[PDB]
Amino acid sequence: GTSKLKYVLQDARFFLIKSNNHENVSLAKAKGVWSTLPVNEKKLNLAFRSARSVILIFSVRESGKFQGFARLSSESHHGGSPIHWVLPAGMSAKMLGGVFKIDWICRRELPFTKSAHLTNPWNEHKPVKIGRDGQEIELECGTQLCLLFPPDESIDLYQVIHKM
C-alpha cells in the first residue's frame, strides 16, 4: 500500500545489489534471503546497526533492469544450512560467508528507461542504474526509486510493520 510503504523507507539506508546472473536472484527471493562478499558483508553489518531499515535494491548484471527490492532483517552468520549459489568465475563458497535474511517488499521488475531521471549524489551524480555491488544510494534517490516500481499486492506491509 501507498500509506505505509513510505513508513518503512523513512530514515533508511539504500544499497544497490548486483548479481552476475539472474538465477541467484531468483534463488534469492525463492529463499527470501541473500549473501554477498566479505567487503560488502562488513559494510552491511555496519548499516544494520545504525539504520531503521536497510533496503537492498537488486539488479542483475547486464540485465538493463531491476528485479525488485527487499529489506535487511538481520546480520550475517556462518555455519547455517548450505545455499547452492551459482559461483561466478573466481569466487568460492566461503566468499559468501555470512547469511543475510531479507524481507522482499516488491518483486516486479523495473527497466532502466524509467529511472533515467534519477541521479545518485553519492556516485558523482551519475544515474542510479550505474554502480557496483554494495553502492549506497542517497536517501532521496533511493526512496524515489523504490516508489517507481509497480505496486506488489502479493506483498503486504503488515508483516514488516514493527519487525524493528
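Quick note: we count residues from 1 along the sequence shown, nothing fancier. Heads up, when I say rigid core I mean the largest set of C-alphas that superpose within 1.5 Å between the two forms.
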Higher-deviation segment by CA RMS in 7 other deposited structures of this protein, core fitted, 152-160 or 15-23: 152-160
Stretch departing more from the displayed form, 134-142 or 97-105, Cα RMS in 7 other deposited structures of this protein (core fit): 97-105
Per the entry, higher mean C-alpha B factor between 102-110 and 57-65: 102-110
Higher-B stretch (mean Cα B-factor, as the entry records it), 10-18 or 143-151: 143-151
Deposited CA B-factor, highest of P38, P121, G131, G32: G32
Assigned third (lowest, middle, highest) for the C-alpha B factor of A47: lowest
Position of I137 among the chain's modelled residues by C-alpha B-factor, lowest, middle or highest third: lowest
